[PDB]
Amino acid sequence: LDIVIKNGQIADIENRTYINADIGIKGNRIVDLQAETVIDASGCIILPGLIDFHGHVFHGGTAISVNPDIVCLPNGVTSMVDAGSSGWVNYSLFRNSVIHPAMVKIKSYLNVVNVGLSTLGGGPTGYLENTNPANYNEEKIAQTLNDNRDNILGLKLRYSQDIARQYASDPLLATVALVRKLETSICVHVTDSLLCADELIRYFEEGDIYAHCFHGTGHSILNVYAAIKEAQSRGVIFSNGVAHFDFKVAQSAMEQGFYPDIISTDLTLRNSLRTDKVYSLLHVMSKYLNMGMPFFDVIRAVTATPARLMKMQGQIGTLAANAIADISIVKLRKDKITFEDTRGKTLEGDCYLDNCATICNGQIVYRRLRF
């Protein structure tokens, strides 16, 4: 036995309980007693290796992306999904130079645009991507997708009104048409869309990601809405950036009982370890704790739920035996901490989640001397 974690509280997302037991690690697998290394996790909660489902981590190919193996592991994140940073032109290089050598397990959505989001970033000198259906290379998209079905979960398209404010057709209608023909899912930046929520939501199906559901910049999900709630119960999964979160939509929607199925960060160089809006995934989870979301439901939105969407159920996002030894050891801390949205509205919280140790593929990649 290579590592043992003793004296901790395991969060059992299945039953909403805290289990008093040790974790066993041999190789890169959690197993079911002497151990070469013993971790003392007293007062800590043992979580599965966290999964940030909407990030941008094609560093070197874009200006906005960060290296997840450098900034995410120390805050408990061991797996990520890239939200269409790459397109068919640069996906293979993204896979060969980032995904394959990274320790953070990275999945991805292929962007409709061929170069992805490489044009945004670097400040205001950056420019928006070209979402014109006239420049969709369907032959290359299908080729990239079919040769990489084990890493690309779907197609990513950003549908903000400003990206197209004179195209041949509507970028959504054309994308969703491609997605259906290619038998795959879609993920849509919906902030400031040309259509209203009651109209866009008719284009989504079981497995598709309606991202930044709580944005409220333009047509929000509030008049809440009944077609969105129907789509959520049909199988449509529902990313705080610097502009894609509004407290008024979030407080209202959750007051009415609507909850996001996935919590993400839209992690960028601009909002990594730096704002009161994103900072880290833990910071984003901590806001939902102080916004009334139940703890075991926050944990589900960053472990079990995305790990099924990445088609990795039982492999990650769980502390079961035979799972990858991806463990995040956190302590819930009581301190005054402020959360901000797009409009500048603040919320003063009483607690935040602080990561004290990270184990990735059975290796101690992060461990404070004293938790």
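Note that residue numbering begins at 1 and tracks the sequence as displayed.
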query	finding
Residues with no coordinates between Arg165 and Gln166, taken from the deposited sequence as a class	1 to 3
Sequence continuity check, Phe238 and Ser239 (deposited residues unmodelled)	1 to 3
Segment of higher mean CA temperature factor, 97 to 105 or 138 to 146	138 to 146
Mean C-alpha B-factor comparison - 338 to 346 and 303 to 311, higher one	338 to 346
Highest-ranked of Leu117, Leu289, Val89, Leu173 once sorted by CA temperature factor in the record	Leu173
Top residue by Cα temperature factor, when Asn75, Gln161, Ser85, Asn271 are compared in the entry	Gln161
Third of chain Cα B-factors occupied by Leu332	middle
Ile13, C-alpha B-factor rank within chain (lowest, middle or highest third)	highest
Entry-reported Cα temperature factor of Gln34, expressed as the chain third it lands in	highest
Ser42, C-alpha B-factor rank within chain (lowest, middle or highest third)	middle
Third of the chain, ranked by Cα B-factor, where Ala250 sits	highest
